[PDB]
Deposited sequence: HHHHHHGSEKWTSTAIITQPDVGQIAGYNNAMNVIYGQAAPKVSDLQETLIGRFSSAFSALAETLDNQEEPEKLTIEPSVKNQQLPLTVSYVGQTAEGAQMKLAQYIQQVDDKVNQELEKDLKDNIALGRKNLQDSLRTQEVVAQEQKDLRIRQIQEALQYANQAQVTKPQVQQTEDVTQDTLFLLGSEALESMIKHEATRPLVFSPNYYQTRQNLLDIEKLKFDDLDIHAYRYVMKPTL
């Protein structure tokens, strides 16, 4: 018979994960502490399932506190039951790992997706805006030609809106049309950061801690 005591993973054992949930989720990513709980929960559940398929021991000790956890195997040698326990633990620390990889993926992908949809709605609005303005500039060039405002007659800038664009004068008005192709699209600060979130996400590529390694 061999015994080990294992508790929730420490931060430097999950930092990589926690940072990943952070990039993706941000001010609503789960607290590191609230994650340690989740992982070690996943371990015991799985370890327990490894025990029922063997009819291995999972229980708290100390008596009335979830953590830590005491585990044991009943073998056929000191050397025998020790490593037999080591190898049934690690193999649970793989199943849960594989379960995470397959969760990270579904979270990245739903992240990716949502950011992309947001980018490509800003990028559509920005275009419909630029174009709408190009139409009102063209129509204002006509009004300004028919009334010979050839140079800007603005007393103050509050007066210049769509619907009063011809105040700018037929000349400058010619110029904004002439150069229509180099007038930048206008994007939110939100656009640039969403875009930067999307970059940081697209660059993303353990479950317990041994308080006592198994015994002789």
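Coordinate coverage of the deposited sequence is interrupted at 1-11, 67-73, 224-229, where no C-alpha atom was modelled.
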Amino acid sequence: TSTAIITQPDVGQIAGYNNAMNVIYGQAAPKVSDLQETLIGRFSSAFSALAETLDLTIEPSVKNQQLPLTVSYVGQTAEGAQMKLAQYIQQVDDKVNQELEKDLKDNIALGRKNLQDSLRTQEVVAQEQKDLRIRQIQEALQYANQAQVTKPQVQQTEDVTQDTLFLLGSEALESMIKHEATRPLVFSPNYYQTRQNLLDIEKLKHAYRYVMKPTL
From here on, numbers count along this sequence of modelled residues.
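Higher mean CA temperature factor between 15-23 and 191-199: 15-23, per the PDB entry. Of the two stretches examined, 86-94 and 133-141, the record assigns the greater average C-alpha temperature factor to 86-94. Ranking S45, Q162, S175, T182 by the C-alpha B-factor listed in the PDB entry places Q162 at the top.
When the modelled residues of the chain are ordered by their C-alpha B factor, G41 lands in the middle third.
Split the chain's modelled residues into thirds by C-alpha temperature factor. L104 is in the highest one. In the deposited entry, the Cα temperature factor of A81 sits in the middle third of values across the chain's modelled residues.
The entry lists a Cα temperature factor for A49 that places it in the highest third of the chain's modelled residues.
For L216, the recorded CA B-factor ranks within the highest third of the chain. Only modelled residues enter the ranking.
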